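S.K.: What follows is the file upload32.tsv, containing TSV, C-alpha atoms:
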```
chain	number	residue	atom	x	y	z
A	199	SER	CA	-72.86	5.64	-127.30
A	200	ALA	CA	-69.49	3.96	-126.77
A	201	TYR	CA	-67.12	2.53	-124.19
A	202	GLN	CA	-64.46	5.17	-123.68
A	203	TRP	CA	-61.07	4.19	-122.28
A	204	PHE	CA	-60.20	7.77	-121.34
A	205	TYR	CA	-62.30	10.31	-119.44
A	206	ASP	CA	-60.75	13.76	-118.75
A	207	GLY	CA	-62.95	14.82	-115.88
A	208	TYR	CA	-64.96	13.82	-112.84
A	209	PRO	CA	-68.52	12.46	-112.39
A	210	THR	CA	-70.97	15.16	-111.04
A	218	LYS	CA	-57.08	16.87	-106.70
A	219	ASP	CA	-59.69	14.09	-106.56
A	220	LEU	CA	-59.92	10.29	-106.60
A	221	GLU	CA	-62.81	10.26	-109.13
A	222	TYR	CA	-60.55	11.45	-112.00
A	223	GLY	CA	-60.72	9.41	-115.23
A	224	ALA	CA	-63.67	7.38	-113.99
A	225	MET	CA	-66.15	6.63	-116.78
A	226	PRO	CA	-68.39	4.16	-114.86
A	227	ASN	CA	-70.81	3.79	-117.74
A	228	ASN	CA	-68.23	1.32	-119.02
A	229	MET	CA	-69.40	-1.46	-116.75
A	230	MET	CA	-70.35	-4.70	-118.50
A	231	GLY	CA	-71.60	-6.50	-115.42
A	232	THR	CA	-70.70	-9.27	-113.03
A	233	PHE	CA	-70.42	-13.00	-113.40
A	234	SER	CA	-71.30	-15.00	-110.32
A	235	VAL	CA	-70.21	-18.64	-110.24
A	236	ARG	CA	-71.06	-21.41	-107.81
A	237	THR	CA	-71.60	-25.14	-107.40
A	238	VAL	CA	-75.26	-26.06	-107.67
A	239	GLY	CA	-76.90	-27.49	-104.58
A	240	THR	CA	-77.50	-26.62	-100.96
A	241	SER	CA	-74.14	-28.07	-99.85
A	242	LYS	CA	-70.49	-27.41	-100.71
A	243	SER	CA	-69.20	-29.33	-103.73
A	244	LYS	CA	-67.27	-32.55	-103.19
A	245	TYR	CA	-64.51	-31.44	-105.56
A	246	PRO	CA	-62.00	-28.56	-105.79
A	247	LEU	CA	-62.86	-26.54	-108.84
A	248	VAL	CA	-61.32	-24.10	-111.30
A	249	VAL	CA	-63.26	-22.05	-113.84
A	250	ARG	CA	-61.61	-20.19	-116.70
A	251	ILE	CA	-63.34	-17.45	-118.64
A	252	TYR	CA	-62.47	-16.65	-122.21
A	253	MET	CA	-63.78	-13.72	-124.14
A	254	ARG	CA	-63.91	-13.12	-127.86
A	255	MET	CA	-64.67	-9.54	-128.86
A	256	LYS	CA	-66.94	-9.18	-131.89
A	257	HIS	CA	-68.47	-6.43	-134.09
A	258	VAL	CA	-65.84	-3.84	-133.15
A	259	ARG	CA	-65.86	-0.13	-134.02
A	260	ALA	CA	-63.23	2.37	-132.83
A	261	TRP	CA	-62.66	6.12	-132.90
A	262	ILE	CA	-59.96	8.69	-132.25
A	263	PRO	CA	-56.65	6.75	-132.33
A	264	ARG	CA	-53.91	7.72	-129.85
A	265	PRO	CA	-50.18	7.21	-128.92
A	266	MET	CA	-49.21	3.65	-128.06
A	267	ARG	CA	-48.45	3.30	-124.36
A	268	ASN	CA	-44.65	3.31	-124.15
A	269	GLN	CA	-44.35	3.23	-120.35
A	270	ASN	CA	-45.21	0.46	-117.90
A	271	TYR	CA	-48.65	0.36	-116.36
A	272	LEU	CA	-48.91	0.79	-112.62
A	273	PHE	CA	-52.63	0.77	-111.90
A	274	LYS	CA	-55.73	-0.65	-113.48
A	275	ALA	CA	-57.52	2.71	-113.17
A	276	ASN	CA	-55.26	5.56	-114.26
A	277	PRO	CA	-52.36	6.05	-116.77
A	278	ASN	CA	-49.92	7.00	-113.99
A	279	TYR	CA	-46.37	5.79	-114.62
A	280	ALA	CA	-43.04	5.63	-112.74
A	281	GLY	CA	-41.47	9.09	-112.83
A	282	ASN	CA	-38.03	7.72	-112.06
A	283	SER	CA	-38.07	4.75	-114.35
A	284	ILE	CA	-38.97	6.72	-117.48
A	285	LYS	CA	-37.55	4.55	-120.27
A	286	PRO	CA	-36.99	5.42	-123.96
A	287	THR	CA	-39.68	3.96	-126.20
A	288	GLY	CA	-37.14	1.65	-127.84
A	289	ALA	CA	-33.66	0.07	-127.94
A	290	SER	CA	-30.83	2.63	-127.81
A	291	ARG	CA	-27.41	2.56	-129.52
A	292	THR	CA	-23.92	4.09	-129.19
A	293	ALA	CA	-23.62	6.73	-131.86
A	294	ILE	CA	-25.95	7.95	-134.55
A	295	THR	CA	-23.28	6.92	-137.06
A	296	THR	CA	-22.86	3.31	-136.00
A	297	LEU	CA	-25.26	0.46	-136.74
F	1	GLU	CA	-15.17	31.66	-117.97
F	2	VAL	CA	-14.78	28.00	-118.91
F	3	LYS	CA	-13.06	26.42	-115.92
F	4	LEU	CA	-11.80	22.88	-115.41
F	5	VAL	CA	-10.40	22.38	-111.91
F	6	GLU	CA	-9.42	18.89	-110.79
F	7	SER	CA	-8.83	17.27	-107.42
F	8	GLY	CA	-7.28	14.16	-105.91
F	9	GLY	CA	-3.89	12.57	-106.09
F	10	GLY	CA	-0.62	12.67	-104.19
F	11	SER	CA	1.58	9.76	-103.16
F	12	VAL	CA	0.17	6.25	-103.56
F	13	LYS	CA	1.96	3.00	-103.15
F	14	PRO	CA	2.02	0.68	-106.18
F	15	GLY	CA	-1.00	-1.59	-106.29
F	16	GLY	CA	-3.24	0.89	-104.49
F	17	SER	CA	-6.25	2.54	-106.08
F	18	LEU	CA	-7.20	6.19	-106.46
F	19	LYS	CA	-9.97	8.35	-107.89
F	20	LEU	CA	-9.56	11.71	-109.61
F	21	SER	CA	-12.29	14.27	-110.24
F	22	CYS	CA	-12.62	17.45	-112.28
F	23	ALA	CA	-15.22	20.18	-111.79
F	24	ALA	CA	-16.75	22.15	-114.67
F	25	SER	CA	-17.91	25.77	-114.76
F	26	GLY	CA	-19.24	28.17	-117.36
F	27	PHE	CA	-20.34	25.81	-120.12
F	28	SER	CA	-23.14	23.30	-120.57
F	29	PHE	CA	-21.31	20.14	-119.50
F	30	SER	CA	-23.66	17.46	-120.88
F	31	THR	CA	-23.29	18.59	-124.50
F	32	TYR	CA	-19.54	17.79	-124.57
F	33	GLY	CA	-17.28	14.79	-124.46
F	34	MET	CA	-14.52	14.95	-121.88
F	35	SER	CA	-11.08	13.36	-121.70
F	36	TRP	CA	-8.11	13.01	-119.39
F	37	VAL	CA	-4.50	13.48	-120.52
F	38	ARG	CA	-1.31	12.93	-118.52
F	39	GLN	CA	2.08	14.62	-118.81
F	40	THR	CA	5.21	12.80	-117.69
F	41	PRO	CA	7.62	15.20	-115.84
F	42	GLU	CA	6.98	18.08	-118.29
F	43	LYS	CA	7.71	16.24	-121.55
F	44	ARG	CA	5.43	13.52	-122.91
F	45	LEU	CA	1.65	13.81	-123.36
F	46	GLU	CA	-0.47	10.65	-123.36
F	47	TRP	CA	-4.23	10.29	-123.84
F	48	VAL	CA	-5.84	8.07	-121.19
F	49	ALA	CA	-9.66	8.10	-121.67
F	50	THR	CA	-12.74	9.88	-123.03
F	51	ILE	CA	-16.45	9.77	-122.19
F	52	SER	CA	-19.36	10.49	-124.51
F	53	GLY	CA	-21.61	13.50	-124.10
F	54	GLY	CA	-24.02	11.43	-122.02
F	55	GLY	CA	-23.43	7.95	-120.65
F	56	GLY	CA	-23.10	6.47	-124.14
F	57	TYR	CA	-19.63	5.20	-125.01
F	58	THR	CA	-16.33	5.21	-123.18
F	59	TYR	CA	-13.02	5.01	-125.08
F	60	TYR	CA	-9.61	4.04	-123.66
F	61	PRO	CA	-6.03	3.64	-124.92
F	62	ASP	CA	-4.14	0.38	-124.85
F	63	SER	CA	-1.86	1.40	-121.94
F	64	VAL	CA	-4.73	1.80	-119.50
F	65	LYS	CA	-7.74	-0.16	-120.81
F	66	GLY	CA	-8.34	-2.45	-117.85
F	67	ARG	CA	-7.32	-0.32	-114.85
F	68	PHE	CA	-8.82	3.15	-115.38
F	69	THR	CA	-12.50	3.97	-115.71
F	70	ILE	CA	-13.80	7.41	-116.68
F	71	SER	CA	-17.19	8.64	-115.52
F	72	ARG	CA	-19.31	11.77	-115.34
F	73	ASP	CA	-22.28	12.95	-113.31
F	74	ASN	CA	-24.20	15.53	-115.32
F	75	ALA	CA	-25.82	17.13	-112.30
F	76	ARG	CA	-22.71	18.67	-110.73
F	77	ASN	CA	-20.66	19.00	-113.95
F	78	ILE	CA	-17.78	16.80	-112.83
F	79	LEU	CA	-15.61	14.15	-114.46
F	80	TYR	CA	-14.29	11.15	-112.57
F	81	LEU	CA	-11.30	8.87	-113.15
F	82	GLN	CA	-10.77	5.89	-110.88
F	83	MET	CA	-7.45	4.12	-111.31
F	84	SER	CA	-7.02	0.64	-109.84
F	85	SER	CA	-3.92	-1.55	-109.69
F	86	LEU	CA	-1.77	1.54	-110.10
F	87	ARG	CA	1.77	0.90	-111.34
F	88	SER	CA	5.08	2.73	-111.28
F	89	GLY	CA	4.59	3.85	-114.89
F	90	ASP	CA	1.44	5.74	-113.87
F	91	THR	CA	3.29	8.57	-112.12
F	92	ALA	CA	2.42	11.83	-113.90
F	93	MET	CA	0.37	15.05	-113.97
F	94	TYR	CA	-3.23	14.49	-115.07
F	95	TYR	CA	-5.29	17.13	-116.90
F	96	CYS	CA	-9.01	17.07	-117.65
F	97	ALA	CA	-9.78	18.38	-121.15
F	98	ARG	CA	-12.93	19.31	-123.02
F	99	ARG	CA	-13.35	17.80	-126.50
F	100	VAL	CA	-15.01	19.95	-129.16
F	101	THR	CA	-16.06	19.02	-132.68
F	102	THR	CA	-14.32	20.33	-135.78
F	103	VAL	CA	-14.87	19.55	-139.43
F	104	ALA	CA	-13.89	15.98	-139.09
F	105	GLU	CA	-11.77	15.37	-136.09
F	106	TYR	CA	-11.80	16.54	-132.52
F	107	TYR	CA	-9.68	19.00	-130.57
F	108	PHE	CA	-9.07	19.80	-126.89
F	109	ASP	CA	-9.99	23.47	-126.23
F	110	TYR	CA	-9.40	24.02	-122.55
F	111	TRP	CA	-7.19	22.06	-120.20
F	112	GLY	CA	-7.40	22.17	-116.44
F	113	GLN	CA	-4.34	22.90	-114.33
F	114	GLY	CA	-3.92	19.22	-113.45
F	115	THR	CA	-3.41	17.08	-110.39
F	116	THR	CA	-0.15	15.29	-109.75
F	117	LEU	CA	0.10	11.53	-109.18
F	118	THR	CA	3.22	9.92	-107.74
F	119	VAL	CA	3.09	6.13	-107.51
F	120	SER	CA	5.99	5.09	-105.35
F	121	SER	CA	7.11	2.82	-102.51
F	122	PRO	CA	9.48	5.04	-100.44
F	123	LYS	CA	8.70	7.05	-97.34
F	124	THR	CA	7.95	10.76	-97.09
F	125	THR	CA	11.12	12.51	-95.97
F	126	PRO	CA	11.70	16.06	-94.68
F	127	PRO	CA	14.60	17.82	-96.39
F	128	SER	CA	17.94	18.84	-94.93
F	129	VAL	CA	19.03	22.44	-95.59
F	130	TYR	CA	22.64	23.45	-95.59
F	131	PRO	CA	23.95	26.96	-95.95
F	132	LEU	CA	26.00	28.09	-98.86
F	133	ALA	CA	28.30	30.94	-97.99
F	134	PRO	CA	31.74	31.49	-99.41
F	135	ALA	CA	34.94	30.45	-97.44
F	140	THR	CA	36.08	40.05	-102.86
F	141	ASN	CA	33.86	42.14	-105.06
F	142	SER	CA	30.68	44.09	-105.33
F	143	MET	CA	27.92	41.51	-105.80
F	144	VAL	CA	27.24	38.50	-103.57
F	145	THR	CA	25.81	35.22	-104.68
F	146	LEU	CA	24.66	33.06	-101.83
F	147	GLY	CA	22.95	29.69	-101.97
F	148	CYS	CA	20.96	27.10	-100.06
F	149	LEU	CA	21.37	23.38	-100.72
F	150	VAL	CA	18.30	21.37	-99.67
F	151	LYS	CA	19.04	17.65	-100.00
F	152	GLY	CA	17.42	14.22	-99.70
F	153	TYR	CA	13.66	14.73	-99.47
F	154	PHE	CA	10.62	13.00	-100.91
F	155	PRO	CA	8.30	13.61	-102.52
F	156	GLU	CA	8.28	16.81	-104.50
F	157	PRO	CA	7.89	19.69	-104.32
F	158	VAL	CA	9.67	21.91	-101.84
F	159	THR	CA	9.68	25.71	-101.65
F	160	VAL	CA	12.65	28.04	-101.16
F	161	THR	CA	11.80	31.63	-100.20
F	162	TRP	CA	14.47	34.27	-99.53
F	163	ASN	CA	13.90	36.67	-96.63
F	164	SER	CA	10.18	36.01	-97.19
F	165	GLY	CA	10.05	37.19	-100.81
F	166	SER	CA	12.04	40.42	-100.57
F	167	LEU	CA	14.92	39.03	-102.69
F	168	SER	CA	12.81	37.44	-105.48
F	169	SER	CA	14.41	39.61	-108.18
F	170	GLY	CA	17.83	37.95	-107.97
F	171	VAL	CA	16.87	34.33	-107.29
F	172	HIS	CA	17.46	31.23	-109.41
F	173	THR	CA	15.67	28.02	-108.44
F	174	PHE	CA	17.27	24.94	-109.98
F	175	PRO	CA	15.08	21.88	-110.59
F	176	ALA	CA	15.25	19.03	-108.10
F	177	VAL	CA	17.30	16.06	-109.30
F	178	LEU	CA	16.46	12.48	-108.30
F	179	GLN	CA	19.12	10.18	-106.97
F	180	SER	CA	18.97	7.75	-104.01
F	181	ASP	CA	15.22	7.77	-104.73
F	182	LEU	CA	15.33	11.10	-102.90
F	183	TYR	CA	15.21	14.50	-104.53
F	184	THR	CA	17.90	17.17	-104.30
F	185	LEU	CA	17.70	20.78	-105.48
F	186	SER	CA	19.68	23.98	-105.14
F	187	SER	CA	18.71	27.65	-105.02
F	188	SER	CA	20.85	30.75	-105.47
F	189	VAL	CA	20.22	34.42	-104.66
F	190	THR	CA	22.13	37.52	-105.71
F	191	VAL	CA	22.63	40.48	-103.38
F	192	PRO	CA	24.63	43.74	-103.47
F	193	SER	CA	27.58	43.85	-101.08
F	194	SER	CA	25.80	46.77	-99.39
F	195	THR	CA	23.19	44.37	-97.98
F	196	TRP	CA	25.34	41.44	-96.85
F	197	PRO	CA	26.50	40.53	-94.31
F	198	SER	CA	25.42	43.91	-92.91
F	199	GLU	CA	21.83	42.61	-93.03
F	200	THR	CA	20.39	39.15	-92.41
F	201	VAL	CA	19.88	36.95	-95.47
F	202	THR	CA	17.84	33.81	-94.81
F	203	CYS	CA	16.54	31.02	-97.00
F	204	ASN	CA	13.23	29.43	-95.97
F	205	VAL	CA	12.52	25.83	-96.98
F	206	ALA	CA	8.94	24.56	-96.72
F	207	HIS	CA	8.08	20.93	-97.52
F	208	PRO	CA	4.28	20.59	-97.41
F	209	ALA	CA	4.24	16.82	-97.98
F	210	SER	CA	5.64	16.44	-94.46
F	211	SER	CA	4.53	19.89	-93.17
F	212	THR	CA	8.18	20.69	-92.44
F	213	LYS	CA	9.56	24.23	-92.68
F	214	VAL	CA	13.23	25.01	-91.97
F	215	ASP	CA	15.06	28.37	-91.92
F	216	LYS	CA	18.77	28.91	-92.62
F	217	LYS	CA	20.56	32.14	-91.83
F	218	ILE	CA	23.47	32.51	-94.24
F	219	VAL	CA	26.33	33.52	-91.93
F	220	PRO	CA	29.72	34.63	-93.33
F	221	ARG	CA	32.37	31.91	-93.25
```
Please render this file's structure as C-alpha cells.

M.R.:
Amino acid sequence: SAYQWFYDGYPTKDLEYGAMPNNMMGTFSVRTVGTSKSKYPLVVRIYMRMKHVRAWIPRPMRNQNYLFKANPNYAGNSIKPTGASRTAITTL
Amino acid sequence: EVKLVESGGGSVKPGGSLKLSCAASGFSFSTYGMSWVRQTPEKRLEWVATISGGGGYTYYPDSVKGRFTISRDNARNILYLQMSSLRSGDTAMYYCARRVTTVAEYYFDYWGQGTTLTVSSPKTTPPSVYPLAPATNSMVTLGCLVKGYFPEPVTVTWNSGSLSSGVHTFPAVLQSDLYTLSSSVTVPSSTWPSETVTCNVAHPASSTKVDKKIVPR
C-alpha cells in the first residue's frame, strides 16, 4: 500500500535485514537506435519530479553520515553531535 | 580517597622542554576542571593553567600563555602539562589541583604532593662531607658540613636513624651556584666517643652516598 523506507525484519545476523524489495520502481534501459554503435559519444541525464505525495509516521532527522545505500549503519567512532558546539553554557 | 599524584620533572637546561602528568583516583575525573599551581621555594603560589571538565576551554595566565599547554585524557584520569621553551624563572614545585564549584567562584579542594622542576645550566655535583668535631661537659653536639653540591636535595642520616631525636637539619643555602647545608646531632657524653657516631650523606641526583665517622679531635 506504500513505499516504506524502513523495514524491521527479513523476507521469508543476516544480510537480508531491512530489505523491503516491494519498493522497486523498475529499470530504465537506454541505447542508441540501430544495429551499429553510434557515431557520437553520448551522455543522458535523468531528472525526476515526484508528484501526488502522501506520507505517514514521521521520524528523527538523520543526524549522522550515511555509509551505505541499503542500511542506516553509521561510523561508531566518528559519532558527531547533531549541531555546532560552544565553550560554556553561559557564553554566546 | 581522592588522590592526585604527579610525575615528571627534575633538572632541565634552559630552552629544553618537559611534560608533567598527574594521576587521579577516587573521584569521577571528567566531571571536574583541573588546574596546576606552582610554589617557588616554599613561599609564592602562582596559578599556571586550568582545563574544562571535558575538552572545552583551556585558560592560562599571562606569565605562561604561549609555552605551557594543559591537557587531560578522560580514560586514565590523568592531567598533562607540557612546558616548552623553559626559562630560569620556571624553577618551582608544581601541584595538580581539583577545581570545585561554589556559590559563585571556584576553589581548589585537594592538592597533589607536587613534582619539582629545576631549570638550570650547571652540572650535577656530588657533595663533599667534612666532619665537625670539637678541637668539657655532659652533652655533646656534633655536626656534619656537606658542601658544594647540585642539585637539591641531599639526605643526612645519623647512625642510620638511631639518633633522630636530637638532630637539627639546617636548610641548604645557595652560593657559587652550588648548595651548602649543615646538620647537627646531640648526644649524651655517655655515648661519645665511647661509641661510633657517623653521619651518612646520600645525594640521589648523582647516586652518591658518603659516610663520615666523627672522630674526636

S.K.: Output as a tab-separated table one row per residue of chain A within 12 Å of chain F: the closest atom pair and its distance in Å to one decimal place, counting only C-alpha atoms, sorted by chain and residue number ascending.

M.R.:
```
residue	atom	partner	partner_atom	distance
A:290	CA	F:56	CA	9.4
A:291	CA	F:56	CA	7.9
A:292	CA	F:56	CA	5.6
A:293	CA	F:56	CA	7.7
A:294	CA	F:56	CA	10.9
A:296	CA	F:57	CA	11.6
```

S.K.: Provide the CA of residue 286 in chain A to CA of residue 28 in chain F distance in Å, to one decimal place.

M.R.: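 Interatomic distance here is 22.9 Å.
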
S.K.: Neighbouring residues of range 264-274 of chain A were defined as those with any atom within 8 Å, considering only C-alpha atoms; residues of the same chain fewer than 6 positions away were excluded. Please report them as an MDAnalysis selection string.

M.R.: chainID A and resid 280 284:287

S.K.: Tell me which protein, DNA and RNA residues are within 12 Å of residue 275 in chain A, counting all atoms listed in the file, leaving out same-chain ones fewer than 3 positions away, and put them as a list in words.

M.R.: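 Once the adjacent positions are removed, what remains is residues 203, 204, 205, 220, 221, 222, 223, 224, 225, 226, 271, 272, 278 and 279 of chain A.
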
S.K.: Using only C-alpha atoms, which residues sit within 8 Å of residue 85 in chain F once same-chain residues fewer than 3 positions away are excluded, as a list in words?

M.R.: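 The residues satisfying every condition are residues 14, 15, 16, 17 and 67 of chain F.
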
S.K.: Considering all atoms listed in the file, return as a PyMOL selection string whatever protein or nucleic-acid residues lie within 8 Å of residue 131 in chain F, sequence-local ones (same chain, fewer than 4 positions apart) excluded.

M.R.: chain F and resi 147-149+216-218

S.K.: Which is closer to residue 111 in chain F than all the others in F:35, F:190, F:173, F:166, using all atoms listed in the file?

M.R.: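 Result for the nearest residue to residue 111 in chain F: F:35.
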
S.K.: Do you have the CA of residue 107 in chain F-CA of residue 32 in chain F distance handy?

M.R.: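 Value for the CA of residue 107 in chain F-CA of residue 32 in chain F distance: 11.6 Å.
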
S.K.: Just give me the gap between CA of residue 62 in chain F and CA of residue 40 in chain F in Å, one decimal is fine.

M.R.: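 For CA of residue 62 in chain F relative to CA of residue 40 in chain F, the distance reads 17.1 Å.
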
S.K.: Tell me, as an NGL selection string, which residues lie within 9 Å of residue 48 in chain F, counting all atoms listed in the file; anything in the same chain fewer than 4 positions away does not count.

M.R.: :F and (35-38 or 59-65 or 68)

S.K.: I need the residue nearest residue 115 in chain F from this list: F:93, F:103, F:191, F:83. Use only C-alpha atoms for the distance.

M.R.: F:93

S.K.: Go through F:194, F:142, F:84, F:202 and flag the residue nearest residue 165 in chain F, using all atoms listed in the file for the distances.

M.R.: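 Closest to residue 165 in chain F, using all atoms listed in the file: F:202.
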
S.K.: Specify the axis-aligned box that encloses all atoms of range 201-206 of chain A listed in the file after padding of 6 Å on each side, stating its centre and edge lengths in Å to one decimal as lines of an AutoDock Vina configuration file.

M.R.:
```
center_x = -63.7
center_y = 8.1
center_z = -121.5
size_x = 18.9
size_y = 23.2
size_z = 17.4
```
